[PDB]
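Below: one structure, written as structure tokens.
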Amino acid sequence: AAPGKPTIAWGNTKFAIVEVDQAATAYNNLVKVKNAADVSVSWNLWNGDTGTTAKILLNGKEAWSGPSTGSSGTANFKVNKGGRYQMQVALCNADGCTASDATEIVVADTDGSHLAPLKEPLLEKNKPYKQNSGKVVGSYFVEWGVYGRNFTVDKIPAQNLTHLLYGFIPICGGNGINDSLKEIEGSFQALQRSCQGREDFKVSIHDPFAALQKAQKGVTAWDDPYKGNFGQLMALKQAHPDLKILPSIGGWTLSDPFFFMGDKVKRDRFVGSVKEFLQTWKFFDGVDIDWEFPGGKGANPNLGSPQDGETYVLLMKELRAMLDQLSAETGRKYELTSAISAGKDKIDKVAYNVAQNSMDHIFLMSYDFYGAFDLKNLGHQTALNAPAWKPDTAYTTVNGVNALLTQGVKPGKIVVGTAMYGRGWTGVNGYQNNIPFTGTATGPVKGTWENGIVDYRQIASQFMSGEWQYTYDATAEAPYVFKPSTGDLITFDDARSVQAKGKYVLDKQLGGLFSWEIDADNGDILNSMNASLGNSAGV
Ligand SMILES: CC(=S)N[C@H]1[C@H](O[C@H]2[C@H](O)[C@H]3N=C(C)S[C@H]3O[C@@H]2CO)O[C@H](CO)[C@@H](O)[C@@H]1O
């Protein structure tokens, strides 16, 4: 007789190639990368002969084999590839093999190979588009937006993007290295906790809870190895294998460490740690560098050197060489991008015409031109052109693009930015000819999350009715709303100024459009980005 039919023992069926330690706050203890997952199976045989060899099969293929020595057994073995496997125990003798019924096991890996695709319905006003223009369509998703903003990865209209950028990956360092963080309650300390035991100038994760542990749709089971934003990004990749998901290193409060990378020792260590981050987190497709800004004039009034431009070009060249190498080891295509100031004065600190040779796209931050940070000079925060009342306005999208083109940047590299928010003032007075921008202000407009700034969603929900005037400036290509009783004034992008930018991108042959930040749109801005770049409606 062939052996009797074994019964797989109840036990854990979910294992991980990259393990997350559920009780650790330091990124070094938090993540353990193994060559393979350690898997365990046990069985019982309730009827017949136990055979002479026991085997574990994964989809029919043996992963383990050993002498069958009793009515119960246990197999420990390694599995080096992620996915979901139909596992069987088989008992074999000279008269044949008898296999148990299949139990599925889960071997997790950071490409999301173990995960069901995160395919969600478009929400609010989002309408479906096909990415067939060949133009970049991007947006930033912020790590901390899962809290008060309650905007999670399952809510991203992912089919309407080519590029999804994750803001922000931090670089480790305490006093003197990340002093801009001290301006936000708790945030400097959260980074030192994350970086404990870890060399300065290596990347980390700022909020491992939001990134890897907060329960969220498709990753709510206690034994799911990756939860939070990263686990979702993994499942989103399974649904959209051509979506490029890039980690953005830096941003307004996390840029201070770039200022030290004139030191090649520190720069090498940074580049080495980006390589390691990409081998660790397989769902990411490259690296976005948001150094704000070479030369300073960012959050930290004490940083900035004339050497910065060189550092930048060096850093880009070295990241490319590291991405080329990673690309050859994996067969994947990897991208190197950067978000940059759109002002000519900052643009001219760097030879973008040299650095482009290392970069896939330049994300031109064509927004924040004006805001409550200046109560005396009012203007359009994200306009295409200067307005009729000040044709020599310094900060416009066009002046930005012209500055790169003039350096010799190829126009296809350049991705024009749109705002999914407004900035505005209160108490505007002293203006002439019904143009409130020629006045001066007494304060920030009351904001959605922080004063002087309003999500696009709320501009459309709350500020296009009642006493609010609405004007579309067709020379600038810029909408604004104005409440005369209070002198409340708001400058923003809308469907129309977005069409103007997308049409510009097509006329001028630029690379596409990207936006900050996805949680603030109601669908109007992203819809218009897609339409205006000529993407086809429909699924
Ligand atoms: C008004 C807002 S939402 N401010 C954010 C700030 O976002 C910057 C961002 O850092 C800069 N980098 C980009 C990439 S887009 C660009 O513009 C936005 C808004 O001006 O980011 C801060 C974190 O670095 C955050 O603290 C602040 O809430």
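Ordered as shown in the structure tokens, chains take letters A, B, and onward, while each chain numbers its residues from 1 and ligands are numbered from 1 in the order shown.
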Collect all residues with atoms no farther than 6 Å from ligand 1, counting only C-alpha atoms and all ligand atoms, and output them as number ranges by chain. A: 251-253, 290, 339, 368, 453, 516
Would you kindly return, as a VMD selection string, each protein, DNA or RNA residue with an atom no farther than 8 Å from any atom of stretch 416-429 of chain A, considering only C-alpha atoms and excluding same-chain residues fewer than 3 positions away? chain A and resid 363 to 368 370 to 372 375 381 to 382 397 436 439 to 446 452 to 457 459 486 to 493 498 501 505 510 to 518 520 to 521 525
Which residues come within 7 Å of residue A:538, counting only C-alpha atoms, excluding same-chain residues fewer than 6 positions away, as an mmCIF file with N, CA, C and O atoms, in the first residue's frame?
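Output contents, as saved in result_23.cif:
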data_model
loop_
_atom_site.group_PDB
_atom_site.id
_atom_site.type_symbol
_atom_site.label_atom_id
_atom_site.label_comp_id
_atom_site.auth_asym_id
_atom_site.auth_seq_id
_atom_site.Cartn_x
_atom_site.Cartn_y
_atom_site.Cartn_z
ATOM 1 N N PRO A 128 -11.877 58.513 -15.232
ATOM 2 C CA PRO A 128 -10.763 57.649 -15.716
ATOM 3 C C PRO A 128 -10.081 58.099 -16.997
ATOM 4 O O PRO A 128 -10.757 58.605 -17.901
ATOM 5 N N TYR A 129 -8.759 57.908 -17.090
ATOM 6 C CA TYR A 129 -8.003 58.255 -18.272
ATOM 7 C C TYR A 129 -7.019 57.126 -18.503
ATOM 8 O O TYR A 129 -6.730 56.367 -17.594
ATOM 9 N N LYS A 130 -6.579 57.009 -19.745
ATOM 10 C CA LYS A 130 -5.603 56.058 -20.219
ATOM 11 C C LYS A 130 -4.286 56.836 -20.314
ATOM 12 O O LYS A 130 -4.277 57.970 -20.804
#
Taking the DSSP secondary structure from the backbone, can you list the residues of stretch 247-407 of chain A that are alpha helix (DSSP H), as an MDAnalysis selection string? chainID A and resid 264:280 308:330 344:347 352:355 397:407
Closest to residue A:332 among A:165, A:278, A:526, A:122, using only C-alpha atoms?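 Using only C-alpha atoms, residue A:332 sits closest to A:278.
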Do you know which residues are at most 12 Å from stretch 216-221 of chain A counting only C-alpha atoms, after dropping those on the same chain fewer than 2 positions away, and could you put them as number ranges by chain? A: 14, 112, 114-120, 146-147, 150-155, 209-214, 223-236
All residues 12 Å or closer to residue A:329, only C-alpha atoms, same chain fewer than 6 positions away omitted, as a PDB file with N, CA, C and O atoms, in the first residue's frame:
ATOM      1  N   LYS A 275      20.858  52.956  -2.472  1.00  0.00           N
ATOM      2  CA  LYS A 275      20.920  51.683  -3.134  1.00  0.00           C
ATOM      3  C   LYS A 275      20.276  50.598  -2.198  1.00  0.00           C
ATOM      4  O   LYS A 275      19.372  49.831  -2.603  1.00  0.00           O
ATOM      5  N   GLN A 279      16.969  48.132  -2.661  1.00  0.00           N
ATOM      6  CA  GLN A 279      17.045  46.663  -2.581  1.00  0.00           C
ATOM      7  C   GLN A 279      16.143  46.187  -1.473  1.00  0.00           C
ATOM      8  O   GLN A 279      15.545  45.111  -1.616  1.00  0.00           O
ATOM      9  N   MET A 322      24.961  54.526  -9.633  1.00  0.00           N
ATOM     10  CA  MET A 322      24.364  53.493  -8.760  1.00  0.00           C
ATOM     11  C   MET A 322      23.010  52.913  -9.331  1.00  0.00           C
ATOM     12  O   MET A 322      22.763  51.719  -9.253  1.00  0.00           O
ATOM     13  N   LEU A 323      22.134  53.721  -9.897  1.00  0.00           N
ATOM     14  CA  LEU A 323      20.901  53.183 -10.482  1.00  0.00           C
ATOM     15  C   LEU A 323      21.159  52.289 -11.734  1.00  0.00           C
ATOM     16  O   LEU A 323      20.493  51.242 -11.919  1.00  0.00           O
TER      17      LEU A 323
END
Extract the full set of strand (DSSP E or B) residues from stretch 165-272 of chain A according to DSSP on the backbone, and format it as an mmCIF file with N, CA and C atoms, in the first residue's frame.
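Contents of states_1.cif, as written:
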data_model
loop_
_atom_site.group_PDB
_atom_site.id
_atom_site.type_symbol
_atom_site.label_atom_id
_atom_site.label_comp_id
_atom_site.auth_asym_id
_atom_site.auth_seq_id
_atom_site.Cartn_x
_atom_site.Cartn_y
_atom_site.Cartn_z
ATOM 1 N N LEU A 165 4.899 60.119 -6.413
ATOM 2 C CA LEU A 165 6.057 60.394 -5.573
ATOM 3 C C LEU A 165 5.641 60.409 -4.065
ATOM 4 N N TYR A 166 6.432 59.712 -3.240
ATOM 5 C CA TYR A 166 6.154 59.537 -1.863
ATOM 6 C C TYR A 166 6.932 60.571 -1.038
ATOM 7 N N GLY A 167 6.266 61.599 -0.535
ATOM 8 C CA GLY A 167 6.952 62.593 0.333
ATOM 9 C C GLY A 167 6.797 62.314 1.838
ATOM 10 N N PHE A 168 7.891 62.196 2.641
ATOM 11 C CA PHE A 168 9.278 62.335 2.246
ATOM 12 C C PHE A 168 10.109 61.299 2.971
ATOM 13 N N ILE A 169 11.122 60.746 2.301
ATOM 14 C CA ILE A 169 12.182 59.998 2.946
ATOM 15 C C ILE A 169 13.236 60.985 3.538
ATOM 16 N N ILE A 171 16.899 61.863 5.686
ATOM 17 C CA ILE A 171 18.304 61.432 5.780
ATOM 18 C C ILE A 171 18.668 61.577 7.305
ATOM 19 N N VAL A 203 19.711 57.189 4.571
ATOM 20 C CA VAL A 203 18.294 57.370 4.609
ATOM 21 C C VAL A 203 17.609 56.527 5.665
ATOM 22 N N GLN A 216 -4.666 49.546 7.085
ATOM 23 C CA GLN A 216 -5.290 50.264 5.973
ATOM 24 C C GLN A 216 -5.805 49.218 5.062
ATOM 25 N N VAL A 219 -4.571 45.554 3.904
ATOM 26 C CA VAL A 219 -3.489 45.189 4.821
ATOM 27 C C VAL A 219 -3.962 45.481 6.301
ATOM 28 N N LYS A 244 5.009 54.457 -11.900
ATOM 29 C CA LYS A 244 6.308 54.593 -11.299
ATOM 30 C C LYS A 244 6.083 55.170 -9.918
ATOM 31 N N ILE A 245 6.596 54.469 -8.923
ATOM 32 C CA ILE A 245 6.484 54.935 -7.569
ATOM 33 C C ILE A 245 7.882 55.273 -7.078
ATOM 34 N N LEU A 246 8.079 56.559 -6.829
ATOM 35 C CA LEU A 246 9.396 57.073 -6.435
ATOM 36 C C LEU A 246 9.389 57.633 -4.985
ATOM 37 N N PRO A 247 10.449 57.344 -4.223
ATOM 38 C CA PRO A 247 10.570 57.917 -2.912
ATOM 39 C C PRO A 247 11.187 59.310 -3.075
ATOM 40 N N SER A 248 10.583 60.332 -2.497
ATOM 41 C CA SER A 248 11.218 61.639 -2.516
ATOM 42 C C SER A 248 11.998 61.904 -1.271
ATOM 43 N N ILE A 249 13.308 62.104 -1.439
ATOM 44 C CA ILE A 249 14.198 62.404 -0.341
ATOM 45 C C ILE A 249 14.363 63.913 -0.247
ATOM 46 N N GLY A 250 14.031 64.466 0.911
ATOM 47 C CA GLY A 250 14.167 65.865 1.170
ATOM 48 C C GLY A 250 12.866 66.579 1.363
#
Extract, using only C-alpha atoms, all DNA, RNA and protein residues at most 10 Å from residue A:35, discarding same-chain residues fewer than 4 positions from it, and format them as a list in words.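 The filter keeps residues 17, 18, 78, 79, 80 and 81 of chain A.
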Can those selected residues be exported to a file as an mmCIF file, in the first residue's frame so that it contains N, CA and C atoms?
data_model
loop_
_atom_site.group_PDB
_atom_site.id
_atom_site.type_symbol
_atom_site.label_atom_id
_atom_site.label_comp_id
_atom_site.auth_asym_id
_atom_site.auth_seq_id
_atom_site.Cartn_x
_atom_site.Cartn_y
_atom_site.Cartn_z
ATOM 1 N N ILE A 17 10.176 37.428 3.533
ATOM 2 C CA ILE A 17 11.616 37.522 3.164
ATOM 3 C C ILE A 17 12.304 38.743 3.800
ATOM 4 N N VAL A 18 11.568 39.834 3.831
ATOM 5 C CA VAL A 18 11.961 41.000 4.597
ATOM 6 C C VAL A 18 11.009 41.046 5.773
ATOM 7 N N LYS A 78 13.681 27.001 3.429
ATOM 8 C CA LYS A 78 13.808 28.354 2.924
ATOM 9 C C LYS A 78 13.055 28.528 1.608
ATOM 10 N N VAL A 79 12.373 29.653 1.447
ATOM 11 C CA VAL A 79 11.746 29.981 0.200
ATOM 12 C C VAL A 79 12.237 31.400 -0.186
ATOM 13 N N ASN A 80 12.819 31.557 -1.399
ATOM 14 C CA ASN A 80 13.431 32.843 -1.795
ATOM 15 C C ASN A 80 12.691 33.696 -2.795
ATOM 16 N N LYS A 81 11.390 33.455 -2.978
ATOM 17 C CA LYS A 81 10.692 34.190 -3.963
ATOM 18 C C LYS A 81 9.331 34.396 -3.399
#
Atom CA of residue A:535 and atom CA of residue A:500 are how many Å apart?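 Interatomic distance, atom CA of residue A:535 to atom CA of residue A:500: 15.2 Å.
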I'd like the interatomic distance between atom CA of residue A:313 and atom CA of residue A:175, to a tenth of an Å.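 Interatomic distance, atom CA of residue A:313 to atom CA of residue A:175: 26.4 Å.
The smallest atom-to-atom distance between residue A:27 and any of A:401, A:362, A:90, A:195, using only C-alpha atoms, is found for A:195.
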Could you give me, as a list in words, the residues within 7 Å of stretch 530-534 of chain A, counting only C-alpha atoms and dropping anything in the same chain fewer than 5 positions from it? residues 129, 133, 135, 137, 499, 502, 503 and 506 of chain A
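Our summary of the geometry notes that atom CA of residue A:22 is positioned 25.4 Å from atom CA of residue A:75.
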